[PDB]
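Close look at the chain arrangement
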Amino acid sequence: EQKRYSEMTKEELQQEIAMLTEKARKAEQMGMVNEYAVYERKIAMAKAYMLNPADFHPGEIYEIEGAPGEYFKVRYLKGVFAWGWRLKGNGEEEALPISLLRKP
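Residues numbered from 1 in each chain as written, not as in the entry; some residues may be left out. Heavy atoms only, no water.

Our next topic: the UniProt feature "coiled-coil region" (unreviewed entry) in the protein chain. On the UniProt side, "coiled-coil region" (unreviewed entry) is annotated at positions that read residues 3-30 here. Secondary structure content for residues 3-30 is 75% helix and 0% strand, while the C-alpha to C-alpha distance between its ends is 29 Å. (UniProt positions renumbered as here; feature names shortened; annotations may be inferred. Helix = DSSP H or I, 4+ residues; strand = E, 2+ residues; numbered from the N terminus.)

In structure tokens:
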């Protein structure tokens, strides 16, 4: 029965991502925009657990993966999350999976 992403090995995370990727693909062909975005969030989360939170630092600003020209300013890290805010948007704080920050 389903393991949480935080308990999976790399091999399990990769298999979960492959499965989610195929559903995301069909959702896209069918035009199920909301279902597609749900699968993409899960994929981002699974990817985050294959990255190193240490590569990210408070005060640093990063390009946002899947969104050219947009940047995120990191206030602080927690687990596989970076809390901070998008520059081009409102100063509202937001938690973003580290997989959505373009590596150094």
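It is worth spelling out the nonpolar core at this point. Counting 21 residues, the largest nonpolar core has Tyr-5, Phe-72, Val-74 and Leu-101 as its most contacted members. If you list the elements that add at least two residues to this core, you get α1 (10-30), α2 (33-48), β1 (61-64) and β2 (67-78). Counting residues domain by domain, this core receives three or more from each of domain 1 (1-50) and domain 2 (51-104). Residues contacting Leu-101, with those up to four places away along its chain left out, are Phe-56, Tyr-62, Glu-63, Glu-65, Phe-72, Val-74, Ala-82 and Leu-96. (Core = buried A, V, L, I, M, F, W, Y, C linked by side-chain atoms within 4.5 Å. Buried < 20%, exposed > 50% of the residue type's maximum accessible area, 1.4 Å probe, protein only. Domains from an automatic or database assignment. Contact = heavy atoms within 4.5 Å.)

What follows covers the packing of α1 against α2. At a minimum axis distance of 9 Å, the contact between α1 and α2 shows a crossing angle of 160°. Looking at the two axes, α1 sits roughly antiparallel to α2. Two packed elements cross with a definite hand, and for α1 against α2 that hand is left-handed. Within the contact between the two elements, α1 uses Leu-13, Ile-17, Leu-20, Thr-21, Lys-23, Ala-24, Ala-27 and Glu-28 and α2 uses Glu-35, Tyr-36, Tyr-39, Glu-40, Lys-42, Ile-43, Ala-46 and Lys-47. When grouped by side-chain class, the residues that make up the contact of α1 with α2 number 9 nonpolar, 1 polar and 6 charged. (Axes fitted to C-alpha atoms, helices over the stretch in contact; angles between N-to-C directions. Parallel < 35°, antiparallel > 145°, perpendicular 65-115°, else oblique. Left-handed = near helix turned anticlockwise from the far one by under 90°. Nonpolar A, V, L, I, M, F, W, Y, C, P; charged D, E, K, R; others polar.)

Time to look at α2. Across its 16 residues, α2 extends 23 Å between first and last C-alpha, which sits within 8% of the 22 Å expected from 1.5 Å per residue. Within the sequence span of α2, burial applies to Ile-43, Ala-44, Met-45, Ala-46 and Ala-48. In the core, the buried residues of α2 are packed alongside α1, β3 (81-86) and β4 (94-97). (Expected span 1.5 Å × (residues − 1).)

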